[PDB]
Every structure is written in structure tokens, then in C-alpha cells.
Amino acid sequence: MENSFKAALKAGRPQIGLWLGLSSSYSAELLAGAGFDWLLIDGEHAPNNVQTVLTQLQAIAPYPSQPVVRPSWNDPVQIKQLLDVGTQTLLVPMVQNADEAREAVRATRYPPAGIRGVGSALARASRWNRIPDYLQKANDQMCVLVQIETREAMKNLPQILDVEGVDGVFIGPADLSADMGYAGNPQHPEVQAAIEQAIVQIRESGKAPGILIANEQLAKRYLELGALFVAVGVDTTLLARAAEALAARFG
């Protein structure tokens, strides 16, 4: 039950990822064999729920690619349910300040370190109580990544970075650009400056910066700067764009 993605971030090994919005355990398996370090199961902007997350985790399990799950919001109840089906790495949307970051962290940790409700017998998390001493080992293998997506969140970043248990900070360029006045198009100097400055500040605090970016040159730039969990594409886009290009070649 060692969290190898978390260990890698801690060791400063960059992790290359793919976003999964196809919401299917079948395509999840197909993509789990494609050579990515991590896969993001999106519960926020794709039609997933706890049950489809579970089946995608089962599909991915025997592959080297590590799963990360994004809940629909920073919700303790939804976090608890995701952890019980076996989620160990969470990407939490719209974290605006240190208090919200702390709530995310505590949602993942058993008392006294947190408020995670106990339900080990029922849960894939402990493999239905086959993992010995699960309750005592579980906290240290939880990896909490928080998303900063607004000017307010950027302003609060130093404080968010001071929250123990925050292992990484993810920047969402589309949401950030929208908040900043550029309508979801991050290719504006003011937006890139903010992103670059955040990546540096995060890495300087001893924590992992992350980002999703489909432009491969921008992705390489962010990696060169020091980002440690970079998603470089989205399943739905890869499929749609490859199919459209193919049809176009025949008229």
C-alpha cells in the first residue's frame, strides 16, 4: 500500500501524466498500458462517481501507472468515500486559502491527525482488512494535491504551502486565465508570468508543482522550470483530434 507517486514527488522525480475523462474502465485499462507515470480520474468535469472511480482503479491496478483522483469539490464526505474504495492520491479543486487546504488534508487522515471516518471492514482501501495494521499505516501513504485556480488562491499561496500534508500544488491555467480576465486562454504574458512564478514558489517551498497543459512546448518549459506532476494530454482530446485528422486525410 506504499504510495509510489507520493514517494516520487518527494524525491523530485518528475511524473508525466494523462487526464482521463472517458469515464470508462475499459479505456482506462487501455491507457494504463501506454507508459504514463500517472493517470488522473476526473470526478469534477467528467461523468464519474465513486462507483466508476472504483472500476477504473481496478482496471489500472496491475499496471505501473499510478492513479490520482479528482473529487468534484473539497468535500469531506466525497473524499471519505473515495479513500474507502482505495484512492490514495487526491487532486482537490478550488482550494482558495490555507484553511481549505487544511480541511482537505484532515479529510484524508484518521484521528487525531484528521477526521477520516472508520469503515475498514467494508473497504477496498484495507483490502477488506487484509492489510495488517492498516489504520496505523494509512495516513502516511495519503498524498494531497491542491488546485489553485484564482487570483485569491495565488495571493494565499505562501500560506497554503505552509500547510503540513499539502504535498503538491496544481495550477489550472484555464480557470486561472478565466479568473484573470483572459477567458480561459492561458497564452497571455500576464498569465504565463503568474504560472511561472507559482511553479517556482511551490518548488522553493519543498513541495511539488503540477499542471495540465496540452501544448507540448509549454509542458516542456514547465518541466524545465521545476514542475513535478505534469499532465501532458487528455484522453478525450487525443481521441477526438486523431479521429478528425484521420477523416480529414480522406476528405
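Each residue number is its position in the shown sequence, starting from 1.
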query = What stretch has the higher average Cα B-factor here, 116-124 or 146-154?
reply = 116-124
query = Between 107-115 and 84-92, which has the higher average C-alpha B-factor in the PDB entry?
reply = 107-115
task = From the list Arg203, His45, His188, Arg70, select the residue with the highest C-alpha B factor recorded in the entry.
result = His188
inquiry  = Please place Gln217 in the lowest, middle or highest third of its chain according to the CA B-factor in the PDB entry.
reply    = highest
remark   = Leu239: C-alpha B-factor third of its chain, per the entry, is the lowest
ask   = Would the CA B-factor of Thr52 place it in the lowest, middle or highest third of its chain?
value = lowest
key: Assigned third (lowest, middle, highest) for the C-alpha B factor of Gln192   = highest
inquiry  = Taking only the Cα B-factors deposited for this chain, tell me whether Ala198 sits in the lowest, middle or highest third.
reply    = middle
